[PDB]
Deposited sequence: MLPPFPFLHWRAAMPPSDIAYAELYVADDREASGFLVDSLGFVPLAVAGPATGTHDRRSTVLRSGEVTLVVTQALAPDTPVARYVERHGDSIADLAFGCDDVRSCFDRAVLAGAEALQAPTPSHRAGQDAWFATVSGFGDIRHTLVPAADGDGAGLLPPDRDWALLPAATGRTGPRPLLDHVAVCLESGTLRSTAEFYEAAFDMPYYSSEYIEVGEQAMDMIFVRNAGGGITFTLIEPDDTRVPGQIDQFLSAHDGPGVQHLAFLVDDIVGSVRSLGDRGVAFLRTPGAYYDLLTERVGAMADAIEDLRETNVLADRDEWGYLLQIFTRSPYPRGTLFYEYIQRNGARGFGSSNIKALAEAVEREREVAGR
């Protein structure tokens, strides 16, 4: 089965705006591009990289193409979470066996997943379905950080268990941990799934329909269905990163000073970074505001100092920061 996430592909209405924020604010570097001059007539795509995180930003160049249809439905959104496989044929078979729809058969392959996401399957390197014109930066060595810590996915009520069962069977990503999180009168249920290697961690999040609609329901109506709510990037110095990023225009969600009174500490306070711990050490986390029109996808920065999993105290204070922002 898949060892790692190869890349995430963002479908967008305006790649100037979307890639501009990822490059000029977050610091991603363009590596390669595809478009009419490389034989890809219906869209322009750009591969961006930072450390080991690869994002592909893709914009339709004609109305009523699949990309254009996707973006009209969902807004700017992740449409593809690509898996790197030691043996693609084997990954594809195991996935179809588990009930994954065959969206394109091994010509590299594409299977379905939660909501209308795609999972392109690729050798564990740029996407294999299009031909790429390289930038000079593509020919140079990349840092080991940042790396993609986990992907958070919003699911419709009553689909959490069967989504998790699918990911266990299709991709060998079994249960890792679960949390039930309450904010005000709303709540959400989540399961973290993770493969044996630890290369792939998803947060599967469903809203609790026995409580009052909240931020997960809002995500689902804005995005118009299940989708990726956030990508989290693992960094060595989240305080430093949040300082430089803040300088390049990045808006992070704020936490009240109250939280810091309870809880180095002056550094976290200043940066609105959240701290929690597991049996093996601490983790620091922060969310950015969504930079997209519908207020859906956003980014997370995480630093692990020994922590292997996730802390229920950070999850709650993150979800509180999103609600303060939502209002």
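Stretches of the deposited sequence lacking C-alpha coordinates, numbered from 1: 1-14, 122-131, 149-155, 295-303, 368-371.
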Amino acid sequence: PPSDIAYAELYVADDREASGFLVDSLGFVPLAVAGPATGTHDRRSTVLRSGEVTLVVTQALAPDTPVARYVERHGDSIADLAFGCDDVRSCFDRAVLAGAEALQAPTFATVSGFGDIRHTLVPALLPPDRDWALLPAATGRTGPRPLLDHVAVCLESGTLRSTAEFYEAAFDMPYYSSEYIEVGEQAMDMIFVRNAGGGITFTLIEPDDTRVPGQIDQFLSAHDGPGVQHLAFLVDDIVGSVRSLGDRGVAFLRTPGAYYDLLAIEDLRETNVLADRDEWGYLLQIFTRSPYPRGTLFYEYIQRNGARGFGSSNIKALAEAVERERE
From here on, numbers count along this sequence of modelled residues.
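In this entry, 276-284 has the higher mean Cα B-factor, the comparison being between 28-36 and 276-284.
Here 198-206 and 137-145 are compared by their mean Cα B-factor, and 137-145 comes out higher. The PDB entry gives the largest Cα B-factor of the residues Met173, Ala79, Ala102, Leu245 to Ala102. Of the residues listed, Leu234, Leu220, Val153, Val183, the entry assigns the biggest Cα temperature factor to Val183.
Ranked by Cα temperature factor within the chain, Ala264 sits in the highest third according to the deposited record. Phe252: CA B factor in the middle third of modelled residues in this chain (values from the PDB entry). Sort the modelled residues of the chain by CA B factor and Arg294 lands in the middle third. Among all modelled residues in this chain, the alpha-carbon of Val47 has a temperature factor (C-alpha) in the lowest third. Sort the modelled residues of the chain by CA B factor and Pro226 lands in the lowest third.
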